[PDB]
Amino acid sequence: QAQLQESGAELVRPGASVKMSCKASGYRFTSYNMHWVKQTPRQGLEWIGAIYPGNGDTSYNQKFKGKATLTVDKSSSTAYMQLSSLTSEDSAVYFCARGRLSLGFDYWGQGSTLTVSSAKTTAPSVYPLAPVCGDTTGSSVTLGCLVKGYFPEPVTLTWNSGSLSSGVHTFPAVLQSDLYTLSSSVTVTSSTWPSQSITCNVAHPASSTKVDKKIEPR
Amino acid sequence: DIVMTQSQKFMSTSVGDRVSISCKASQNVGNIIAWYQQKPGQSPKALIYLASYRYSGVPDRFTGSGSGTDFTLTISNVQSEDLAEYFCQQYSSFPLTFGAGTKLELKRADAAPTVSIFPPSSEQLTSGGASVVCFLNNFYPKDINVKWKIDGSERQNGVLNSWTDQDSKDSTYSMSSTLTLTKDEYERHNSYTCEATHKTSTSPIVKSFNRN
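What counts, and at which threshold
Residues numbered from 1 in each chain as written, not as in the entry; some residues may be left out. Chains lettered and ligands numbered in written order. Heavy atoms only, no water. Helix = DSSP H or I, 4+ residues; strand = E, 2+ residues; numbered from the N terminus. Rg over C-alpha atoms; globule rule 2.2 N^0.38 Å. Buried < 20%, exposed > 50% of the residue type's maximum accessible area, 1.4 Å probe, protein only. Contact = heavy atoms within 4.5 Å. Disulfide = S-S within 2.5 Å. Pairing = 2+ DSSP bridges.

What the deposited record gives as its method is X-ray crystallography, and the resolution it gives is 2.5 Å.

Draft legend 1. Structural view of the overall build of chain B. Assigned secondary structure in chain B consists of 2 helices and 19 strands. Relative to the 2.2 N^0.38 estimate, which gives 17 Å for 212 residues, the radius of gyration of chain B is 23 Å and therefore markedly larger than a compact globule would have. Taking the principal axes of its C-alpha atoms as reference, chain B extends roughly 65 × 40 × 30 Å. Here chain B, with 212 residues, has 49% of them falling under the buried criterion. Relative to all contacts within chain B whose residues are 6 or more apart in sequence, the contacts with residues 24 or more apart total 60%.

Draft legend 2. Representation of the state of the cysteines within the structure. Residues and elements named next belong to chain B. Applying the stated criterion across every chain, the model contains 4 disulfides over all chains. Here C23 engages in a disulfide with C88; their sulfurs sit 2.0 Å apart. Taking the sign of the torsion about the S-S bond as the criterion, the disulfide between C23 and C88, at about 85°, is right-handed. Placement of the pair is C23 in strand 3 (residues 19-25) and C88 in strand 9 (residues 85-90), with a sequence separation of 65 residues. For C23, a relative accessible area of 0% corresponds to the buried category. Judged by relative accessible area, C88 falls into the buried class, the value being 0%. Note that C134 is cross-linked by a disulfide to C194, the S-S spacing being 2.0 Å. Between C134 and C194, the S-S dihedral sits near -90°, and the bridge is therefore left-handed. Taken together, the positions of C134 in strand 13 (residues 129-139) and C194 in strand 18 (residues 191-197) put the pair 60 residues apart, joining distant regions of the chain. Given the relative accessible area of 0%, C134 is considered buried. Under the relative-accessibility criterion, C194 is labelled buried at 0%.

Draft legend 3. How the structure looks around the sheet that holds strand 7 (residues 62-67) of chain B. All names here are of chain B. Strand order in the open sheet formed by 4 strands is 1-3-8-7, with antiparallel pairing between adjacent strands. Both outer strands of the open sheet, strand 1 (4-5) and strand 7, are each paired with one neighbouring strand and no more. Bridge count for strand 3 against strand 8 (residues 70-75) is 6 bridges, and the pairing is antiparallel. Of the residues in strand 8, the one forming a bridge with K24 is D70.

Draft legend 4. Examining the pairing of strand 5 (residues 44-51) of chain A more closely. All names here are of chain A. Among the 8 residues of strand 5, 8 are classified as buried, and the element is accordingly described as predominantly covered. Of the pairings in the sheet, the one linking strand 4 (residues 33-40) to strand 5 comprises 7 bridges and is antiparallel in character. Across the sheet, the residue bridging to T40 is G44, located in strand 5. Taken together, strand 4 and the strand that follows it, strand 5, pair antiparallel across an intervening segment of 3 residues. Where strand 5 lies against strand 6 (residues 58-60), 3 bridges are found, and the strand directions are antiparallel. Following the sheet pairing, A50 is matched in strand 6 by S59. Between the antiparallel neighbours strand 5 and strand 6 lie 6 residues, among them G56 with a positive phi of about 95°.

This is the structure in C-alpha coordinates:
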(Lines give C-alpha, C1' and ligand atoms only; values in the text may rest on other atoms or scores of the structure.)
Protein backbone atom coordinates (compact mmCIF):
# COMPACT_ATOMS: atom_id res chain seq x y z
CA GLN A 1 0.00 0.00 0.00
CA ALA A 2 2.99 2.29 0.52
CA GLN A 3 3.92 4.15 -2.67
CA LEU A 4 6.68 6.62 -3.57
CA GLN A 5 5.86 8.96 -6.45
CA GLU A 6 8.97 10.61 -7.91
CA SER A 7 9.04 13.58 -10.28
CA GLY A 8 9.91 13.21 -13.96
CA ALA A 9 13.19 13.45 -15.86
CA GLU A 10 15.25 16.63 -15.79
CA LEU A 11 17.53 18.31 -18.35
CA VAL A 12 19.73 21.22 -17.28
CA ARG A 13 23.09 22.75 -18.15
CA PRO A 14 26.13 22.89 -15.82
CA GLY A 15 26.00 25.37 -12.95
CA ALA A 16 22.24 24.90 -12.72
CA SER A 17 20.29 23.56 -9.73
CA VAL A 18 17.30 21.17 -9.75
CA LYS A 19 14.83 20.12 -7.07
CA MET A 20 13.40 16.61 -7.35
CA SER A 21 10.35 15.48 -5.40
CA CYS A 22 9.07 12.22 -3.92
CA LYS A 23 5.41 12.14 -2.96
CA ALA A 24 4.55 9.51 -0.37
CA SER A 25 1.17 7.84 0.18
CA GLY A 26 -0.30 4.72 1.78
CA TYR A 27 1.36 5.17 5.19
CA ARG A 28 2.29 7.70 7.89
CA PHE A 29 4.96 9.80 6.14
CA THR A 30 6.42 11.13 9.41
CA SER A 31 7.01 7.62 10.81
CA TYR A 32 9.83 6.58 8.49
CA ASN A 33 13.08 8.02 7.23
CA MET A 34 13.27 8.91 3.57
CA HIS A 35 16.52 7.99 1.87
CA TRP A 36 18.00 9.02 -1.47
CA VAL A 37 20.31 6.99 -3.67
CA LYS A 38 22.29 7.79 -6.79
CA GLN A 39 22.88 5.23 -9.54
CA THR A 40 25.47 5.30 -12.32
CA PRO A 41 27.15 2.60 -14.40
CA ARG A 42 30.56 3.84 -13.23
CA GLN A 43 29.84 4.29 -9.51
CA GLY A 44 26.86 1.98 -9.03
CA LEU A 45 24.45 2.61 -6.16
CA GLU A 46 25.52 5.39 -3.76
CA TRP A 47 23.73 6.42 -0.56
CA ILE A 48 23.22 10.17 -0.50
CA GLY A 49 21.51 10.87 2.81
CA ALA A 50 18.35 10.48 4.85
CA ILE A 51 15.76 12.75 6.41
CA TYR A 52 13.38 12.19 9.30
CA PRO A 53 10.22 14.00 8.15
CA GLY A 54 9.06 13.97 11.76
CA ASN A 55 11.35 16.81 12.85
CA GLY A 56 13.34 17.45 9.67
CA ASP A 57 16.70 16.12 10.91
CA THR A 58 19.09 14.87 8.23
CA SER A 59 22.23 12.75 7.75
CA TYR A 60 24.49 13.12 4.73
CA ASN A 61 27.11 11.02 3.03
CA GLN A 62 30.31 13.14 3.22
CA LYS A 63 30.64 12.64 -0.54
CA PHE A 64 27.40 14.52 -1.28
CA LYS A 65 27.56 17.06 1.54
CA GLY A 66 27.23 20.45 -0.12
CA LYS A 67 26.00 18.84 -3.31
CA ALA A 68 22.63 17.66 -2.04
CA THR A 69 20.08 19.12 0.35
CA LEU A 70 17.15 17.17 1.76
CA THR A 71 13.89 18.61 3.03
CA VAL A 72 10.24 17.64 3.40
CA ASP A 73 6.72 19.06 3.47
CA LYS A 74 4.86 17.29 6.26
CA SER A 75 1.38 18.46 5.26
CA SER A 76 1.70 17.20 1.69
CA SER A 77 3.61 14.05 2.71
CA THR A 78 6.31 15.08 0.22
CA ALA A 79 10.10 14.78 0.42
CA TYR A 80 12.64 16.83 -1.57
CA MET A 81 16.22 16.68 -2.77
CA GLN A 82 17.93 19.66 -4.37
CA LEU A 83 21.25 19.41 -6.19
CA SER A 84 23.29 22.52 -7.01
CA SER A 85 26.38 23.40 -9.07
CA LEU A 86 25.45 20.52 -11.35
CA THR A 87 28.07 19.05 -13.68
CA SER A 88 28.14 16.08 -16.07
CA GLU A 89 29.24 14.05 -13.02
CA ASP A 90 25.84 14.53 -11.37
CA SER A 91 24.19 12.96 -14.41
CA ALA A 92 22.51 9.80 -13.10
CA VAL A 93 19.28 8.30 -11.82
CA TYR A 94 18.02 9.28 -8.39
CA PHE A 95 15.72 7.17 -6.21
CA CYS A 96 13.93 7.92 -2.95
CA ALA A 97 13.22 4.96 -0.67
CA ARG A 98 11.50 4.23 2.61
CA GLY A 99 13.98 3.31 5.33
CA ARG A 100 13.02 0.68 7.89
CA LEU A 101 15.21 0.56 11.00
CA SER A 102 15.57 -3.21 10.78
CA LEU A 103 14.11 -4.10 7.39
CA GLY A 104 16.23 -1.83 5.19
CA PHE A 105 14.73 -0.02 2.19
CA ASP A 106 11.36 -1.77 1.81
CA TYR A 107 10.06 0.64 -0.83
CA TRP A 108 11.67 2.53 -3.73
CA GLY A 109 10.41 5.23 -6.05
CA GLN A 110 10.63 4.79 -9.83
CA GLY A 111 13.58 7.15 -9.85
CA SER A 112 14.22 10.48 -11.55
CA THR A 113 16.73 10.62 -14.38
CA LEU A 114 18.92 13.71 -14.40
CA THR A 115 20.80 14.65 -17.55
CA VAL A 116 23.20 17.59 -17.35
CA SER A 117 24.20 18.99 -20.71
CA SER A 118 24.96 22.41 -22.14
CA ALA A 119 23.39 21.19 -25.36
CA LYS A 120 20.07 22.34 -26.82
CA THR A 121 17.52 20.26 -28.76
CA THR A 122 19.18 18.93 -31.91
CA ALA A 123 17.91 16.60 -34.65
CA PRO A 124 20.12 13.67 -35.62
CA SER A 125 22.05 13.20 -38.84
CA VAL A 126 21.09 9.83 -40.26
CA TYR A 127 23.96 8.16 -42.09
CA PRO A 128 23.46 5.06 -44.28
CA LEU A 129 25.83 2.15 -43.67
CA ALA A 130 26.43 0.01 -46.75
CA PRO A 131 28.80 -2.96 -46.87
CA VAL A 132 32.20 -2.24 -48.38
CA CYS A 133 31.74 -2.25 -52.16
CA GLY A 134 28.27 -3.73 -51.67
CA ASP A 135 29.81 -7.15 -51.03
CA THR A 136 28.77 -10.01 -48.76
CA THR A 137 30.27 -13.45 -48.26
CA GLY A 138 27.48 -15.41 -46.62
CA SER A 139 24.02 -16.17 -48.01
CA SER A 140 23.16 -13.06 -46.02
CA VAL A 141 24.28 -9.42 -45.84
CA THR A 142 24.34 -6.78 -43.12
CA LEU A 143 23.47 -3.11 -43.52
CA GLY A 144 23.33 -0.41 -40.86
CA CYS A 145 22.31 3.08 -39.86
CA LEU A 146 24.36 5.66 -37.97
CA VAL A 147 22.21 8.14 -36.03
CA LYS A 148 24.54 10.79 -34.64
CA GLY A 149 24.60 14.26 -33.19
CA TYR A 150 21.21 14.47 -31.49
CA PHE A 151 19.83 15.75 -28.21
CA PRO A 152 18.05 14.84 -26.13
CA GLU A 153 16.93 11.22 -26.05
CA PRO A 154 15.12 9.26 -27.10
CA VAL A 155 15.09 8.20 -30.73
CA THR A 156 12.88 5.71 -32.56
CA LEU A 157 14.39 3.53 -35.27
CA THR A 158 12.85 0.92 -37.53
CA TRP A 159 13.82 -0.86 -40.75
CA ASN A 160 11.44 -0.65 -43.69
CA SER A 161 8.76 0.79 -41.42
CA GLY A 162 8.98 -2.22 -39.12
CA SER A 163 8.49 -4.89 -41.78
CA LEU A 164 12.04 -6.03 -40.99
CA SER A 165 11.92 -6.78 -37.27
CA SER A 166 14.02 -9.95 -37.31
CA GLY A 167 17.80 -9.82 -37.49
CA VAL A 168 18.15 -6.26 -36.21
CA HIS A 169 20.33 -4.79 -33.49
CA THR A 170 19.81 -1.29 -32.26
CA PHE A 171 22.63 -0.41 -29.92
CA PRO A 172 22.32 1.85 -26.83
CA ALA A 173 23.11 5.51 -27.46
CA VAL A 174 26.39 6.97 -26.25
CA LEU A 175 26.80 10.52 -25.00
CA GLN A 176 29.91 12.30 -26.22
CA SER A 177 30.72 16.01 -26.27
CA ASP A 178 27.14 17.01 -25.41
CA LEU A 179 25.54 14.89 -28.13
CA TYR A 180 24.19 11.36 -28.51
CA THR A 181 24.96 8.83 -31.23
CA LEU A 182 23.16 5.54 -31.69
CA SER A 183 23.84 2.65 -34.06
CA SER A 184 21.68 0.03 -35.76
CA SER A 185 22.35 -2.99 -37.98
CA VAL A 186 20.05 -5.24 -39.96
CA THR A 187 20.83 -8.62 -41.50
CA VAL A 188 18.91 -9.98 -44.47
CA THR A 189 19.30 -12.58 -47.20
CA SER A 190 21.63 -11.83 -50.10
CA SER A 191 18.62 -12.05 -52.41
CA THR A 192 17.01 -9.14 -50.56
CA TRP A 193 19.59 -6.34 -50.93
CA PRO A 194 20.45 -4.59 -53.26
CA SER A 195 17.69 -6.41 -55.17
CA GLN A 196 15.05 -4.83 -52.91
CA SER A 197 15.30 -1.50 -51.12
CA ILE A 198 16.21 -1.43 -47.43
CA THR A 199 15.38 1.78 -45.63
CA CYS A 200 16.24 3.08 -42.18
CA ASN A 201 13.39 5.11 -40.61
CA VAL A 202 14.49 7.43 -37.80
CA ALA A 203 12.28 9.60 -35.66
CA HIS A 204 13.27 12.14 -33.02
CA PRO A 205 10.21 13.50 -31.18
CA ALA A 206 11.99 16.16 -29.11
CA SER A 207 12.74 17.94 -32.41
CA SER A 208 9.76 16.65 -34.38
CA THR A 209 11.81 15.01 -37.09
CA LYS A 210 11.28 11.93 -39.22
CA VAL A 211 13.96 10.73 -41.59
CA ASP A 212 13.87 7.88 -44.07
CA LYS A 213 17.37 6.84 -45.14
CA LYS A 214 17.62 4.28 -47.95
CA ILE A 215 20.79 2.15 -48.02
CA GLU A 216 22.21 2.49 -51.55
CA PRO A 217 24.89 0.25 -53.11
CA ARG A 218 28.14 2.08 -53.93
CA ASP B 1 33.36 3.70 5.56
CA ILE B 2 32.32 0.05 5.40
CA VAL B 3 33.20 -1.35 1.99
CA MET B 4 30.85 -3.98 0.57
CA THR B 5 32.51 -6.30 -1.92
CA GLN B 6 30.83 -8.41 -4.60
CA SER B 7 33.81 -10.06 -6.31
CA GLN B 8 31.85 -11.36 -9.31
CA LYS B 9 30.43 -8.68 -11.58
CA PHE B 10 28.83 -11.37 -13.74
CA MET B 11 27.79 -14.97 -13.14
CA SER B 12 26.68 -17.57 -15.67
CA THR B 13 23.92 -20.03 -14.85
CA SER B 14 21.07 -22.11 -16.32
CA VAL B 15 17.36 -22.47 -15.57
CA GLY B 16 17.07 -25.00 -12.79
CA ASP B 17 20.59 -24.48 -11.48
CA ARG B 18 21.55 -23.04 -8.10
CA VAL B 19 23.63 -19.88 -7.77
CA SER B 20 25.41 -18.26 -4.84
CA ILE B 21 26.41 -14.60 -4.96
CA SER B 22 28.98 -13.49 -2.39
CA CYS B 23 29.25 -10.16 -0.59
CA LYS B 24 31.89 -9.18 1.98
CA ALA B 25 31.86 -6.34 4.48
CA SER B 26 35.17 -4.66 5.39
CA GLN B 27 34.01 -4.75 9.05
CA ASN B 28 31.76 -6.96 11.16
CA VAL B 29 28.15 -5.80 10.70
CA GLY B 30 26.44 -8.81 12.26
CA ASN B 31 23.25 -9.48 10.31
CA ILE B 32 22.38 -5.92 9.28
CA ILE B 33 22.63 -6.53 5.55
CA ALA B 34 20.02 -6.54 2.82
CA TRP B 35 19.74 -7.84 -0.74
CA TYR B 36 18.13 -6.08 -3.68
CA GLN B 37 17.33 -7.26 -7.19
CA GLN B 38 17.23 -4.88 -10.16
CA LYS B 39 16.26 -5.32 -13.81
CA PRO B 40 17.02 -3.05 -16.83
CA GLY B 41 15.30 0.33 -16.59
CA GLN B 42 13.68 -0.52 -13.25
CA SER B 43 14.21 0.41 -9.61
CA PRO B 44 15.79 -1.86 -6.94
CA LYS B 45 13.50 -4.47 -5.41
CA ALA B 46 13.95 -5.59 -1.80
CA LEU B 47 14.47 -9.36 -1.49
CA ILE B 48 16.30 -10.00 1.76
CA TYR B 49 16.68 -8.14 5.07
CA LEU B 50 18.54 -8.96 8.29
CA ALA B 51 20.80 -11.21 6.20
CA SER B 52 18.36 -14.11 5.87
CA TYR B 53 14.72 -12.99 6.01
CA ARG B 54 12.69 -12.75 2.80
CA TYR B 55 10.34 -9.81 2.25
CA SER B 56 6.69 -10.75 1.92
CA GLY B 57 6.00 -12.15 -1.52
CA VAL B 58 9.52 -13.28 -2.41
CA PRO B 59 10.04 -16.75 -3.94
CA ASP B 60 11.26 -19.32 -1.42
CA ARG B 61 13.98 -20.34 -3.88
CA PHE B 62 15.70 -17.19 -2.63
CA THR B 63 17.73 -17.62 0.57
CA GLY B 64 20.17 -15.38 2.39
CA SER B 65 22.92 -16.58 4.70
CA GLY B 66 25.96 -15.47 6.69
CA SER B 67 26.75 -13.13 9.59
CA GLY B 68 29.57 -10.78 10.58
CA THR B 69 31.39 -10.10 7.31
CA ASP B 70 30.74 -12.95 4.84
CA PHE B 71 27.31 -13.09 3.28
CA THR B 72 25.79 -14.82 0.32
CA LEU B 73 22.63 -14.93 -1.72
CA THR B 74 21.65 -18.35 -3.01
CA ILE B 75 19.10 -19.02 -5.72
CA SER B 76 18.13 -22.65 -6.11
CA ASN B 77 16.03 -23.83 -9.06
CA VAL B 78 16.82 -20.64 -10.98
CA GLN B 79 14.09 -19.16 -13.20
CA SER B 80 14.18 -16.76 -16.17
CA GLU B 81 12.65 -13.97 -14.09
CA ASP B 82 15.52 -14.45 -11.64
CA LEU B 83 17.93 -13.23 -14.31
CA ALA B 84 18.87 -9.73 -13.11
CA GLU B 85 21.42 -7.73 -11.10
CA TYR B 86 21.89 -8.26 -7.38
CA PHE B 87 23.11 -5.75 -4.82
CA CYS B 88 23.91 -6.27 -1.16
CA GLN B 89 23.83 -3.40 1.32
CA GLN B 90 24.80 -2.79 4.91
CA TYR B 91 22.43 -0.49 6.76
CA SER B 92 24.21 -0.89 10.10
CA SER B 93 25.99 2.48 10.18
CA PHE B 94 26.43 5.67 8.16
CA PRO B 95 27.41 6.10 5.50
CA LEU B 96 25.13 3.34 4.16
CA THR B 97 26.96 1.39 1.49
CA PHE B 98 26.14 -1.01 -1.35
CA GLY B 99 28.16 -3.60 -3.22
CA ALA B 100 28.95 -3.09 -6.91
CA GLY B 101 26.31 -5.67 -7.87
CA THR B 102 26.40 -8.99 -9.68
CA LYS B 103 24.73 -9.65 -13.03
CA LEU B 104 23.08 -13.01 -13.60
CA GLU B 105 23.21 -14.13 -17.24
CA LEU B 106 21.87 -17.20 -18.98
CA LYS B 107 24.52 -19.75 -19.94
CA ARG B 108 24.68 -20.87 -23.58
CA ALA B 109 27.01 -22.56 -26.10
CA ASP B 110 29.93 -20.57 -27.51
CA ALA B 111 29.31 -18.40 -30.57
CA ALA B 112 31.77 -16.57 -32.83
CA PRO B 113 30.96 -12.94 -33.71
CA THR B 114 29.69 -12.05 -37.19
CA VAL B 115 31.83 -9.05 -38.11
CA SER B 116 31.03 -6.40 -40.70
CA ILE B 117 32.74 -3.07 -41.33
CA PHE B 118 31.39 0.06 -43.08
CA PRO B 119 33.10 3.13 -44.62
CA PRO B 120 32.04 6.74 -44.08
CA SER B 121 28.98 7.71 -46.11
CA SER B 122 28.90 10.37 -48.84
CA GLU B 123 26.45 12.35 -46.71
CA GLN B 124 28.75 12.49 -43.68
CA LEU B 125 31.78 13.29 -45.85
CA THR B 126 29.95 16.26 -47.34
CA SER B 127 29.55 17.60 -43.80
CA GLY B 128 33.28 17.22 -43.23
CA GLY B 129 33.08 14.11 -41.07
CA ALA B 130 34.17 10.49 -41.42
CA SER B 131 33.06 7.61 -39.22
CA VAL B 132 34.02 4.00 -39.76
CA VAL B 133 31.69 1.49 -38.16
CA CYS B 134 32.16 -2.12 -37.14
CA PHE B 135 29.46 -4.54 -36.00
CA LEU B 136 30.16 -7.73 -34.07
CA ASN B 137 26.87 -9.56 -33.71
CA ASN B 138 25.56 -12.65 -31.94
CA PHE B 139 28.59 -13.91 -30.01
CA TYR B 140 29.19 -15.58 -26.62
CA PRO B 141 30.69 -15.30 -23.98
CA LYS B 142 30.18 -11.52 -23.75
CA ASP B 143 33.92 -10.94 -23.35
CA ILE B 144 35.45 -9.57 -26.53
CA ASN B 145 38.15 -7.19 -27.65
CA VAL B 146 37.97 -4.80 -30.58
CA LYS B 147 40.87 -2.87 -32.08
CA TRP B 148 41.07 -0.34 -34.89
CA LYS B 149 44.11 -0.13 -37.15
CA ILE B 150 44.78 2.68 -39.60
CA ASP B 151 47.40 1.66 -42.16
CA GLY B 152 48.79 -0.92 -39.75
CA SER B 153 48.88 1.27 -36.64
CA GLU B 154 46.40 0.81 -33.81
CA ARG B 155 44.12 3.79 -33.22
CA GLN B 156 42.41 4.27 -29.84
CA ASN B 157 41.51 7.96 -30.12
CA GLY B 158 38.03 8.76 -31.44
CA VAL B 159 36.52 5.35 -30.75
CA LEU B 160 33.09 4.89 -29.15
CA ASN B 161 31.61 1.50 -28.31
CA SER B 162 28.15 0.27 -27.44
CA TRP B 163 27.10 -3.14 -26.17
CA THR B 164 23.62 -4.67 -26.14
CA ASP B 165 22.21 -6.67 -23.24
CA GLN B 166 22.06 -10.47 -23.54
CA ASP B 167 19.47 -11.30 -26.21
CA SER B 168 16.25 -12.70 -24.75
CA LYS B 169 15.83 -14.95 -27.79
CA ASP B 170 19.28 -16.47 -28.41
CA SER B 171 21.22 -15.48 -25.29
CA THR B 172 23.99 -13.95 -27.39
CA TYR B 173 25.72 -10.59 -27.22
CA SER B 174 26.31 -7.93 -29.88
CA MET B 175 28.61 -4.92 -30.02
CA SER B 176 29.09 -1.83 -32.17
CA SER B 177 32.33 0.13 -32.55
CA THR B 178 32.67 3.48 -34.30
CA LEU B 179 35.90 5.29 -35.11
CA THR B 180 35.33 8.96 -35.89
CA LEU B 181 37.85 11.14 -37.71
CA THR B 182 37.67 14.41 -39.64
CA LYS B 183 37.20 14.17 -43.40
CA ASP B 184 40.73 15.47 -44.00
CA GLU B 185 42.26 12.88 -41.71
CA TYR B 186 40.18 10.10 -43.26
CA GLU B 187 41.41 10.94 -46.75
CA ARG B 188 44.94 10.98 -45.38
CA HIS B 189 45.17 7.21 -44.86
CA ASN B 190 44.30 4.15 -46.96
CA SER B 191 43.93 1.02 -44.86
CA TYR B 192 41.20 0.78 -42.20
CA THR B 193 40.74 -2.36 -40.15
CA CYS B 194 38.49 -3.73 -37.43
CA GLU B 195 40.18 -6.45 -35.38
CA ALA B 196 38.40 -8.61 -32.80
CA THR B 197 39.68 -11.23 -30.37
CA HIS B 198 37.21 -13.68 -28.84
CA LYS B 199 37.21 -17.03 -27.01
CA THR B 200 35.82 -18.80 -30.09
CA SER B 201 38.99 -18.24 -32.10
CA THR B 202 42.72 -18.50 -31.48
CA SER B 203 43.47 -15.85 -34.09
CA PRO B 204 41.69 -12.48 -34.32
CA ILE B 205 38.88 -11.84 -36.81
CA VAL B 206 39.93 -9.20 -39.29
CA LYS B 207 37.69 -7.03 -41.45
CA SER B 208 39.14 -4.13 -43.41
CA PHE B 209 39.15 -2.15 -46.63
CA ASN B 210 41.16 0.44 -48.54
CA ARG B 211 39.75 3.82 -49.50
CA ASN B 212 38.80 3.52 -53.19
